[PDB]
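Enquirer: Below is one structure. I have some questions about it.
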Amino acid sequence: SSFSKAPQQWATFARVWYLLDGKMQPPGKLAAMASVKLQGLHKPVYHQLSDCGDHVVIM
Amino acid sequence: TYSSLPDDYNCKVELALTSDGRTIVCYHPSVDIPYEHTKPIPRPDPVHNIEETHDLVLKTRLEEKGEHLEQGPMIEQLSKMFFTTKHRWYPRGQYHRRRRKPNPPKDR
Amino acid sequence: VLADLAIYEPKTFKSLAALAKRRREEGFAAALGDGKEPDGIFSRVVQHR
Amino acid sequence: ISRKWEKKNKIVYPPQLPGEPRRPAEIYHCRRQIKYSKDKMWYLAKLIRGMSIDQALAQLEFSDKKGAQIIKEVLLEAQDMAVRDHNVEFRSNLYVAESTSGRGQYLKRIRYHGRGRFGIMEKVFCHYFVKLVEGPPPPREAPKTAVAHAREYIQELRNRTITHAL
Amino acid sequence: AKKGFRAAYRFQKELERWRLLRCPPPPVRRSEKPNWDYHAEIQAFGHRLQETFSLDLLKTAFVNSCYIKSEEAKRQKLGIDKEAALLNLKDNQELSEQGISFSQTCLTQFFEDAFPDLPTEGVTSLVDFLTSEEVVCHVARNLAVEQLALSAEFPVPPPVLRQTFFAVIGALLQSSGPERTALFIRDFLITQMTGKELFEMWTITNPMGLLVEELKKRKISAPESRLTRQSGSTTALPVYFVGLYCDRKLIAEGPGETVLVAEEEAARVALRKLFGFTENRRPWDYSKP
Amino acid sequence: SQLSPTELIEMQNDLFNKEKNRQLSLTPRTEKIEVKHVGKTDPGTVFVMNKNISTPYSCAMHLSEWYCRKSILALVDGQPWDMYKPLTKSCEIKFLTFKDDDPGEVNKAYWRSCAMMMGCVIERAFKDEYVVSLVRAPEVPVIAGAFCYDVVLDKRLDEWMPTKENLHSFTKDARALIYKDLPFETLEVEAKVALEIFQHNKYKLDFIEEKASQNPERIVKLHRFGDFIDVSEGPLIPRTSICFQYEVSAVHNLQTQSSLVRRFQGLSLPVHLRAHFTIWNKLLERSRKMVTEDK
Amino acid sequence: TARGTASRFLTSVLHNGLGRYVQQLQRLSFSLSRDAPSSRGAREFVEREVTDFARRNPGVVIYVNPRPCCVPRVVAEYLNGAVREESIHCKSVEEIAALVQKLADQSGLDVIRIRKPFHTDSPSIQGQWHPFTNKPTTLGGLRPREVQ
Ligand SMILES: [Mg+2]
Ligand SMILES: [Mg+2]
Ligand SMILES: [Mg+2]
């Protein structure tokens with residue numbers, strides 16, 4: 001819990017890269033979770049004016 | 001030996017109910033990351049800037065880096081770095097620069 | 001308060017989530033069980049004192 | 001009318017305690033009620049901002065605008081004022097701090113049209129202000145390098161806070 | 001023309017406002033302003049702090065060297081006889097020295113008792129910080145010490161203010177026991193330590209080395225930096241979490257942009273656990289034993 | 001004597017500052033000398049100046065920025081003066097330009113300056129381990145396709161000749177030197193306190209000895225820019241910024257019986273005269289050949 | 001309006017109420033007219049109440065000036081340096097009393113929009129969520145497609 005201020009803040013708002021396999025999946029159900037992860041709506045720290053959103057790689 | 005959620009991550013969680021019934025207590029000590037689950041620190045340091053003949057020339061060879069681009073391509077490169085669209089990087093007019101607060105409030 | 005726990009108290013929140021999950025499973029257990037006898041530990045309803 | 005700019009040259013400062021940095025000279029000067037338009041004048045006055053006085057004189061020397069020669073005359077006057085009245089060595093050592101055009105008092109005339117209609121016409125006048133400061137010209141700002149933009153962006157991401165959060 | 005006084009007067013007020021906006025007047029002593037009674041002020045100081053001072057000792061505590069030398073300038077330039085009554089003034093030097101010495105002792109004891117694992121260099125750094133120019137001036141000026149202090153040059157340059165604050169401390173030490181003054185110190189100084197970090201005020205530049213030495217002292221061997229979590233290495237904004245391991249147990253862990261930065265962080269964290277300067281740590285006790 | 005590279009710099013600069021402050025102290029007052037203008041352009045113009053303070057550059061500033069930028073060298077009476085060299089007595093002044101009709105004086109000066117720059121670039125471009133002795137800047141005519149500088153190097157370094165990489169490094173460093181604009185400063189010294197500056201370079205001390213030998217009063221002419229000091233014949237250009245195109249062309253090993261001396265040849269042109277890319281390439285090709293005039 | 005005006009976070013001056021409580025109001029200055037009707041209430045207040053008020057609050061110095069004014073004012077002044085002006089012009093004794101109380105109990109901080117109702121240093125005890133806090137670690141710490 002004890003971090004300096006800067007690294008703490010950096011860790012919290014850090015971007016993340018998710019990998020999502022697409023084979024034999026409906027593009028809709030794919031796009032649903034892809035959408036959530038793009039907007040950063042999976043983060044408890046979410047807000048619309050924070051840039052938070054993560055990279056999603058679909059293959 | 002039962003918890004509703006796996007103890008893999010975060011905390012190992014224990015849920016107890018007071019004999020009275022009127023209080024729930026939870027014991028949750030942190031779960032540390034096991035050694036076997038980590039990988040060794042990447043170590044990269046190499047200096048080839050050295051010329052065997054002149055090494056104050058070699059120390060001046062690391063100072064030899066710089067470049068300049070145009071507005072457009074600079075912005076394209078910038079927006080590829082941070083995975084942004086091009087638009088963010090353009091300037092803003094007098095009117096908008098002037099209304100930024102000089103001294104924003106600070107918390108903590 | 002629940003949101004603030006979720007952000008600033010990830011442990012306590014995982015506890016709450018554990019509790020809820022437990023209570024739910026208890027509920028399904030009681031509904032499928034089809035009898036009045038079992039009272040899940042967390043499904044007991046306390047009155048004020 | 002309002003005449004202020006003139007009086008700016010009548011200000012007297014308190015003497016400099018030794019050890020303090022030497023204060024650069026300032027010369028305010030202007031020409032009132034020129035027969036140029038205010039706007040046409042503005043382009044000129046804008047051109048020579050931040051130029052060393054000799055550079056501005058060179059630029060004005062070859063412009064074809066009617067205002068070019070007015071401004072030039074005002075600059076020579078200001079230069080000689082600066083060496084004579086205020087104390088400035090090196091009459092080449094001035095740069096143009098401020099250059100601008102104000103509007104004067106306009107005359108009003110008739111402009112005839114046809115079918116006996118008329119427009120109302122304005123004979124236009126304007127003011128030219130200049131302020132000269134003693135020293136080399138301050139350096140023109142280079143645009144932001146990729147490094148600068150990157151630093152700013154990073155700094156911004158780092159200023160983020162958990163919002164409505166506590 | 002419009003007939004009336006009212007709008008004209010009301011506008012005179014606007015004129016004055018603009019005049020003060022375009023040229024701000026240089027700050028003036030509260031003493032040279034319209035409502036002032038020095039005595040009543042002094043008494044009120046004491047009562048509001050919930051302390052009991054000898055009025056002689058306090059009045060002494062707010063006196064400075066500079067005020068006396070300026071008063072001797074005014075004395076010698078007008079040909080006046082002052083010397084007896086003016087050199088009878090008994091400046092605050094003495095009081096300030098007792099004050100600073102006692103405050104450093106007191107503080108040092110407080111910390112030493114609260115953080116048994118703080119190295120002496122650390123506790124020194126802390127006392128240094130709470131006795132600093134910045135902190136003491138801030139607190140003093142917010143207690144209306146700058147208001148009461150007798151000095152030349154009204155903004156009352158920071159060394160004079162430190163002098164004057166601790167002067168008041170010493171005056172309290174004479175007026176009441178070391179117990180009372182210890183309470184005053186833990187209330188108006190130690191509270192400035194609220195929200196602050198350790199390494200915010202300690203400033204040490206090589207966390208790793210310091211950690212290794214402290215672990216030699218604890219008879220633990222070799223912290224090994226082991227990379228735990230990471231996201232993007234190829235990005236312009238990577239995140240690393242470096243863990244520190246001692247005999248394959250994890251002692252502490254930290255985030256950063258670069259693996260080096262992060263390693264250094266894990267060091268600072270480990271340090272903070274060892275020394276018991278932590279977020280989770282017991283908040284300070286404010287109580288009446 | 002055990003000394004670091006930076007210590008030599010420090011000692012030399014402090015000696016130079018001592019001497020300059022001594023020359024400053026020699027003049028008690030603000031003394032007024034009357035300079036006249038013999039120039040083709042603004043005749044009869046008279047400057048009233050501070051003796052041993054005012055310079056012909058500070059003189060041009062009374063005229064216009066045009067002189068300031070266009071004037072490389074200042075003819076005082078019949079002699080070439082460096083733009084920042086303080087005027088001594090009352091006199092007459094004429095200003096000298098690159099596009100002037102008989103530029104030769106100026107040309108010489110320009111060449112010298114460039115040479116000196118290269119000298120600096122060389123001395124500091126080698127590893128601390130080795131020992132770089134600058135010799136002199138042999139005065140070539142400008143029809144000769146380059147300017148050059150003589151340098152002796154550590155004995156263990158005697159086998160290698162540089163690669164286009166290294167030469168291009170010299171050039172990069174010279175351009176680095178041009179970018180930041182350094183005035184060329186001048187001082188007149190007595191040999192006694194001249195030799196104390198150079199010391200460790202033998203060849204320098206010899207040069208100073210001859211140079212002072214042909215002058216009755218034992219006067220040595222010093223020039224310095226930034227931290228670098230060197231002795232030279234005749235005046236130099238006012239600024240470093242005056243050079244635009246600059247190259248260190250090539251080096252040539254030439255050996256006496258008693259020494260092994262490398263000759264560094266380079267080529268440059270001032271902003272005023274700057275030459276087209278093609279022209280430049282041709283001149284650059286000629287500047288590779290050995291240029292010999294020592295006499 | 002909120003975009004219109006300035007704003008501040010919730011704070012105390014000098015961490016008041018942590019170690020001990022210090023009444024922030026420092027001095028109080030009244031100006032009134034013995035003669036003018038506008039000041040009537042303010043006079044009565046000075047008669048009856050001021051005295052008692054002064055005992056109830058030992059730490060505040062109260063300066064009363066009778067002078068020829070048309071508009072009686074009370075100038076509150078705080079430890080903070082903050083100066084707050086008020087007009088007791090044409091009010092009861094009751095009204096003035098209530099006003100002087102408000103002045104007594106205020107912090108002296110500026111009254112503007114307060115961004116949020118709470119202020120915490122170290123809100124975060126036991127951690128602060130970050131993207132990895134709830135994620136499981138793998139063996140060898142390999143990435144998704146990484147092979148060893
Ligand atoms: Mg008609
Ligand atoms: Mg119209
Ligand atoms: Mg019109």
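All residue names refer to the structure tokens as shown: chains lettered A, B, ... in order, residues numbered from 1 in each chain, ligands numbered from 1 in order.
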Restrict the distance test to only C-alpha atoms, flag each residue of chain D within 8 Å of chain A, and return the flagged residues as a VMD selection string.
Expert: chain D and resid 157 to 158 160 to 163 165
Enquirer: May I have the residues within 10 Å of ligand 2, computed using only C-alpha atoms and all ligand atoms, as number ranges by chain?
Expert: D: 119-121
Enquirer: For the selection just defined, write its residues with C-alpha atoms to a file, as a short mmCIF file (atom, residue, chain, number, x, y, z; two decimals), in the first residue's frame.
Expert:
data_model
loop_
_atom_site.label_atom_id
_atom_site.label_comp_id
_atom_site.auth_asym_id
_atom_site.auth_seq_id
_atom_site.Cartn_x
_atom_site.Cartn_y
_atom_site.Cartn_z
CA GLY D 119 -24.45 56.22 -48.55
CA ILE D 120 -22.70 57.87 -45.64
CA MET D 121 -18.93 57.88 -46.06
#
Enquirer: To check your reading of the model: which residues sit at most 12 Å from ligand 3 when counting only C-alpha atoms and all ligand atoms? Write the answer as a list in words.
Expert: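 Those residues are residues 106, 107, 108, 109, 110, 111, 119, 120, 121, 122, 123 and 124 of chain D.
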Enquirer: Taking only C-alpha atoms and all ligand atoms into account, which residues have an atom no farther than 12 Å from ligand 1? I'd like them as a ChimeraX atom specification.
Expert: /D:112-118
Enquirer: Include N, CA and C atoms and write out the residues we just selected as a PDB file, in the first residue's frame.
Expert:
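That gives us part-v5.pdb:
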ATOM      1  N   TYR D 112     -22.619  59.712 -53.050  1.00  0.00           N
ATOM      2  CA  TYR D 112     -23.819  59.722 -53.893  1.00  0.00           C
ATOM      3  C   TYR D 112     -24.040  58.406 -54.598  1.00  0.00           C
ATOM      4  N   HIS D 113     -25.288  57.971 -54.772  1.00  0.00           N
ATOM      5  CA  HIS D 113     -25.468  56.653 -55.376  1.00  0.00           C
ATOM      6  C   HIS D 113     -26.138  56.590 -56.743  1.00  0.00           C
ATOM      7  N   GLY D 114     -27.451  56.694 -56.768  1.00  0.00           N
ATOM      8  CA  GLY D 114     -28.183  56.666 -58.013  1.00  0.00           C
ATOM      9  C   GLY D 114     -29.589  56.452 -57.550  1.00  0.00           C
ATOM     10  N   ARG D 115     -30.569  56.773 -58.378  1.00  0.00           N
ATOM     11  CA  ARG D 115     -31.935  56.894 -57.889  1.00  0.00           C
ATOM     12  C   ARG D 115     -32.004  57.767 -56.629  1.00  0.00           C
ATOM     13  N   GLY D 116     -31.112  58.749 -56.520  1.00  0.00           N
ATOM     14  CA  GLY D 116     -31.134  59.693 -55.419  1.00  0.00           C
ATOM     15  C   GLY D 116     -30.926  59.135 -54.028  1.00  0.00           C
ATOM     16  N   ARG D 117     -30.479  57.889 -53.936  1.00  0.00           N
ATOM     17  CA  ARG D 117     -30.031  57.321 -52.668  1.00  0.00           C
ATOM     18  C   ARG D 117     -28.606  57.757 -52.381  1.00  0.00           C
ATOM     19  N   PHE D 118     -28.235  57.707 -51.116  1.00  0.00           N
ATOM     20  CA  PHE D 118     -26.892  58.055 -50.714  1.00  0.00           C
ATOM     21  C   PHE D 118     -26.401  57.096 -49.670  1.00  0.00           C
TER      22      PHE D 118
END
Enquirer: Please build the interface table for chain D against chain B with a cut-off of 8 Å, listing for each qualifying residue the nearest atom pair and the distance in Å to one decimal; count only C-alpha atoms, order rows by chain and increasing number, and write it as CSV.
Expert:
residue,atom,partner,partner_atom,distance
D:145,CA,B:68,CA,7.7
D:146,CA,B:74,CA,6.5
D:149,CA,B:89,CA,7.6
D:150,CA,B:78,CA,7.3
Enquirer: Taking 6 positions as the minimum chain separation for residues in the same chain, which residues sit within 12 Å of stretch 132-141 of chain D when counting only C-alpha atoms? Answer as an NGL selection string.
Expert: (:D and (9 or 22-30 or 48-56 or 74-83 or 86-99)) or (:F and (61 or 65))
Enquirer: I'd like the contact shell of residue F:192 - 10 Å cut-off, only C-alpha atoms, skipping same-chain residues fewer than 4 positions apart - returned as a PyMOL selection string.
Expert: chain F and resi 196-197+218-220
Enquirer: Of the candidates C:1, C:44, C:9, C:34, which shows the shortest atom-to-atom distance to chain B, using only C-alpha atoms?
Expert: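 With only C-alpha atoms as the atom set, the closest residue is C:44.
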Enquirer: Please return, as a PyMOL selection string, all residues of stretch 8-254 of chain E that DSSP assigns to helix (DSSP H, G or I) on the basis of the backbone.
Expert: chain E and resi 8-22+30-32+38-48+55-61+65-77+83-87+93-114+120-130+133-142+145-148+158-175+178-188+190-193+199-202+207-217
Enquirer: Find the residues around residue B:54 up to 6 Å (only C-alpha atoms counted), leave out those fewer than 3 positions away in its own chain, and share them as number ranges by chain.
Expert: B: 51, 57; F: 126-127
Enquirer: List every residue of chain F that has an atom at most 10 Å from any atom of chain B, giving for each one its closest atom pair and the distance in Å to one decimal, counting only C-alpha atoms, sorted by chain and then by ascending residue number, as JSON lines.
Expert:
{"residue": "F:121", "atom": "CA", "partner": "B:57", "partner_atom": "CA", "distance": 9.9}
{"residue": "F:122", "atom": "CA", "partner": "B:57", "partner_atom": "CA", "distance": 9.5}
{"residue": "F:123", "atom": "CA", "partner": "B:56", "partner_atom": "CA", "distance": 9.9}
{"residue": "F:124", "atom": "CA", "partner": "B:56", "partner_atom": "CA", "distance": 6.9}
{"residue": "F:125", "atom": "CA", "partner": "B:57", "partner_atom": "CA", "distance": 4.8}
{"residue": "F:126", "atom": "CA", "partner": "B:54", "partner_atom": "CA", "distance": 4.4}
{"residue": "F:127", "atom": "CA", "partner": "B:55", "partner_atom": "CA", "distance": 4.3}
{"residue": "F:128", "atom": "CA", "partner": "B:56", "partner_atom": "CA", "distance": 6.9}
{"residue": "F:129", "atom": "CA", "partner": "B:55", "partner_atom": "CA", "distance": 8.8}
{"residue": "F:130", "atom": "CA", "partner": "B:54", "partner_atom": "CA", "distance": 8.6}
{"residue": "F:157", "atom": "CA", "partner": "B:53", "partner_atom": "CA", "distance": 7.6}
{"residue": "F:160", "atom": "CA", "partner": "B:53", "partner_atom": "CA", "distance": 8.2}
{"residue": "F:161", "atom": "CA", "partner": "B:53", "partner_atom": "CA", "distance": 9.7}
{"residue": "F:162", "atom": "CA", "partner": "B:53", "partner_atom": "CA", "distance": 8.7}
{"residue": "F:165", "atom": "CA", "partner": "B:51", "partner_atom": "CA", "distance": 9.8}
{"residue": "F:166", "atom": "CA", "partner": "B:57", "partner_atom": "CA", "distance": 8.3}
{"residue": "F:169", "atom": "CA", "partner": "B:57", "partner_atom": "CA", "distance": 7.5}
{"residue": "F:170", "atom": "CA", "partner": "B:57", "partner_atom": "CA", "distance": 8.4}
{"residue": "F:172", "atom": "CA", "partner": "B:64", "partner_atom": "CA", "distance": 8.0}
{"residue": "F:173", "atom": "CA", "partner": "B:60", "partner_atom": "CA", "distance": 8.3}
{"residue": "F:176", "atom": "CA", "partner": "B:64", "partner_atom": "CA", "distance": 9.4}
Enquirer: Go ahead and save the picked residues with C-alpha atoms, as a PDB file, in the first residue's frame.
Expert:
ATOM      1  CA  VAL F 121      38.455  20.662 -32.076  1.00  0.00           C
ATOM      2  CA  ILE F 122      41.488  18.433 -32.376  1.00  0.00           C
ATOM      3  CA  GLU F 123      43.027  18.910 -28.945  1.00  0.00           C
ATOM      4  CA  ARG F 124      39.851  17.921 -27.134  1.00  0.00           C
ATOM      5  CA  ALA F 125      38.779  15.125 -29.492  1.00  0.00           C
ATOM      6  CA  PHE F 126      41.306  12.578 -28.202  1.00  0.00           C
ATOM      7  CA  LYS F 127      41.171  10.221 -25.209  1.00  0.00           C
ATOM      8  CA  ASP F 128      42.694  11.462 -21.927  1.00  0.00           C
ATOM      9  CA  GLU F 129      45.125   8.538 -22.008  1.00  0.00           C
ATOM     10  CA  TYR F 130      46.925   9.978 -25.018  1.00  0.00           C
ATOM     11  CA  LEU F 157      49.171   6.269 -31.699  1.00  0.00           C
ATOM     12  CA  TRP F 160      46.837   4.799 -37.549  1.00  0.00           C
ATOM     13  CA  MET F 161      45.463   7.325 -40.002  1.00  0.00           C
ATOM     14  CA  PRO F 162      41.795   8.346 -39.570  1.00  0.00           C
ATOM     15  CA  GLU F 165      33.994   8.381 -39.655  1.00  0.00           C
ATOM     16  CA  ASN F 166      36.608  10.130 -37.510  1.00  0.00           C
ATOM     17  CA  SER F 169      33.455  13.506 -36.213  1.00  0.00           C
ATOM     18  CA  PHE F 170      35.991  16.327 -36.228  1.00  0.00           C
ATOM     19  CA  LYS F 172      30.608  17.499 -36.410  1.00  0.00           C
ATOM     20  CA  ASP F 173      32.502  18.941 -33.447  1.00  0.00           C
ATOM     21  CA  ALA F 176      29.064  22.125 -32.740  1.00  0.00           C
TER      22      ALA F 176
END
Enquirer: Ranking E:149, E:237, E:215, E:28 by minimum distance to chain D and counting only C-alpha atoms, which one comes first?
Expert: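 Going through E:149, E:237, E:215, E:28 one by one, the smallest distance to chain D is for E:237.
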Enquirer: Could you list, as a ChimeraX atom specification, every residue within 12 Å of residue G:126, counting only C-alpha atoms and ignoring same-chain residues fewer than 4 positions away?
Expert: /A:1-3 /B:10-11,28-30 /C:5-13 /E:278-281 /G:122,133
Enquirer: Could you pull the residues within 6 Å of stretch 170-185 of chain E, counting only C-alpha atoms, minus those fewer than 3 positions along the same chain, as a tab-separated table (two decimals) with N, CA and C atoms, in the first residue's frame?
Expert:
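See part-v9.tsv below for the written result:
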chain	number	residue	atom	x	y	z
E	53	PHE	N	0.83	32.06	30.29
E	53	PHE	CA	2.16	32.64	30.20
E	53	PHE	C	2.35	33.74	31.22
E	54	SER	N	3.59	33.94	31.66
E	54	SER	CA	3.95	35.19	32.31
E	54	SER	C	4.01	36.27	31.23
E	57	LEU	N	7.43	37.42	30.32
E	57	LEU	CA	8.19	36.48	29.50
E	57	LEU	C	7.75	36.44	28.04
E	58	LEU	N	6.45	36.49	27.80
E	58	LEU	CA	5.94	36.53	26.43
E	58	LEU	C	6.32	37.84	25.74
E	95	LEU	N	15.69	32.94	25.36
E	95	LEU	CA	14.45	32.18	25.29
E	95	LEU	C	14.40	31.31	24.04
E	98	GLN	N	16.84	28.19	24.48
E	98	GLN	CA	16.18	27.16	25.29
E	98	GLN	C	15.06	26.48	24.51
E	99	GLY	N	14.31	27.29	23.77
E	99	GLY	CA	13.19	26.81	22.99
E	99	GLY	C	13.60	25.79	21.95
E	167	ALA	N	11.03	31.20	20.50
E	167	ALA	CA	11.04	32.11	21.62
E	167	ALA	C	9.78	31.86	22.43
E	188	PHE	N	1.06	21.52	17.69
E	188	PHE	CA	1.28	22.47	16.60
E	188	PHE	C	2.45	22.20	15.67
E	189	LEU	N	3.26	21.20	15.98
E	189	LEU	CA	4.36	20.82	15.10
E	189	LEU	C	4.12	19.45	14.50
Enquirer: Output as a list in words the set of chain E residues within 7 Å of chain A, with distances taken over only C-alpha atoms.
Expert: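 Here they are: residues 231, 239, 254, 255, 256, 269, 278 and 279 of chain E.
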Enquirer: Hey, can you spit out that residue selection with C-alpha atoms as a short mmCIF file (atom, residue, chain, number, x, y, z; two decimals), in the first residue's frame?
Expert:
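Result saved to again03.cif:
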data_model
loop_
_atom_site.label_atom_id
_atom_site.label_comp_id
_atom_site.auth_asym_id
_atom_site.auth_seq_id
_atom_site.Cartn_x
_atom_site.Cartn_y
_atom_site.Cartn_z
CA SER E 231 2.34 -4.29 -19.17
CA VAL E 239 4.39 -0.37 -16.28
CA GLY E 254 6.79 -1.51 -6.38
CA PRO E 255 5.56 0.06 -9.69
CA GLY E 256 7.38 2.30 -12.20
CA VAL E 269 8.75 0.27 0.10
CA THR E 278 3.83 3.05 6.52
CA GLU E 279 0.31 3.96 5.39
#
Enquirer: Give me, as a Markdown table, each residue of chain G that comes within 10 Å of chain B, together with its shortest interatomic pair and the distance in Å at one decimal, counting only C-alpha atoms, with rows ordered by chain and rising residue number.
Expert:
| residue | atom | partner | partner_atom | distance |
| --- | --- | --- | --- | --- |
| G:6 | CA | B:105 | CA | 9.4 |
| G:7 | CA | B:105 | CA | 7.4 |
| G:8 | CA | B:105 | CA | 6.0 |
| G:9 | CA | B:107 | CA | 6.6 |
| G:10 | CA | B:107 | CA | 8.7 |
| G:11 | CA | B:107 | CA | 9.3 |
| G:115 | CA | B:105 | CA | 9.5 |
| G:119 | CA | B:108 | CA | 8.1 |
| G:120 | CA | B:108 | CA | 7.2 |
| G:121 | CA | B:108 | CA | 5.7 |
| G:122 | CA | B:108 | CA | 8.2 |
| G:123 | CA | B:108 | CA | 9.7 |
| G:126 | CA | B:30 | CA | 9.0 |
| G:132 | CA | B:10 | CA | 9.2 |
| G:133 | CA | B:10 | CA | 6.1 |
| G:134 | CA | B:10 | CA | 5.6 |
| G:135 | CA | B:9 | CA | 6.2 |
| G:136 | CA | B:9 | CA | 5.0 |
| G:137 | CA | B:37 | CA | 6.5 |
| G:138 | CA | B:37 | CA | 5.8 |
| G:139 | CA | B:37 | CA | 4.6 |
| G:140 | CA | B:37 | CA | 4.7 |
| G:141 | CA | B:38 | CA | 5.1 |
| G:142 | CA | B:39 | CA | 8.2 |
Enquirer: Starting from chain F, keep only residues with some atom at most 9 Å from an atom of chain D, counting only C-alpha atoms, and report them as an mmCIF file with N, CA, C and O atoms, in the first residue's frame.
Expert:
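This is the output file out-v9.cif:
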data_model
loop_
_atom_site.group_PDB
_atom_site.id
_atom_site.type_symbol
_atom_site.label_atom_id
_atom_site.label_comp_id
_atom_site.auth_asym_id
_atom_site.auth_seq_id
_atom_site.Cartn_x
_atom_site.Cartn_y
_atom_site.Cartn_z
ATOM 1 N N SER F 58 32.231 48.100 -31.201
ATOM 2 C CA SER F 58 31.412 49.057 -30.456
ATOM 3 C C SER F 58 31.347 50.374 -31.201
ATOM 4 O O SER F 58 30.543 51.246 -30.883
ATOM 5 N N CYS F 59 32.220 50.518 -32.182
ATOM 6 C CA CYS F 59 32.244 51.698 -33.016
ATOM 7 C C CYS F 59 31.191 51.622 -34.107
ATOM 8 O O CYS F 59 30.476 52.585 -34.369
ATOM 9 N N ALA F 60 31.101 50.454 -34.729
ATOM 10 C CA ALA F 60 30.140 50.214 -35.796
ATOM 11 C C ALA F 60 28.730 50.384 -35.279
ATOM 12 O O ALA F 60 27.844 50.846 -35.997
ATOM 13 N N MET F 61 28.528 50.013 -34.024
ATOM 14 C CA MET F 61 27.205 50.058 -33.438
ATOM 15 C C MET F 61 26.620 51.458 -33.434
ATOM 16 O O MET F 61 25.412 51.611 -33.322
ATOM 17 N N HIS F 62 27.457 52.482 -33.559
ATOM 18 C CA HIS F 62 26.940 53.843 -33.650
ATOM 19 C C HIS F 62 26.402 54.163 -35.030
ATOM 20 O O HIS F 62 25.619 55.094 -35.200
ATOM 21 N N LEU F 63 26.829 53.379 -36.012
ATOM 22 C CA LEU F 63 26.401 53.568 -37.390
ATOM 23 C C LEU F 63 25.091 52.862 -37.677
ATOM 24 O O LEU F 63 24.064 53.509 -37.877
ATOM 25 N N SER F 64 25.138 51.533 -37.683
ATOM 26 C CA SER F 64 23.978 50.707 -37.986
ATOM 27 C C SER F 64 24.331 49.246 -37.871
ATOM 28 O O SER F 64 25.495 48.878 -37.952
ATOM 29 N N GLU F 65 23.313 48.408 -37.732
ATOM 30 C CA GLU F 65 23.518 46.977 -37.592
ATOM 31 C C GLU F 65 24.234 46.427 -38.821
ATOM 32 O O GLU F 65 24.889 45.384 -38.764
ATOM 33 N N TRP F 66 24.118 47.149 -39.931
ATOM 34 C CA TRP F 66 24.690 46.723 -41.198
ATOM 35 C C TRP F 66 26.195 46.569 -41.143
ATOM 36 O O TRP F 66 26.728 45.538 -41.556
#
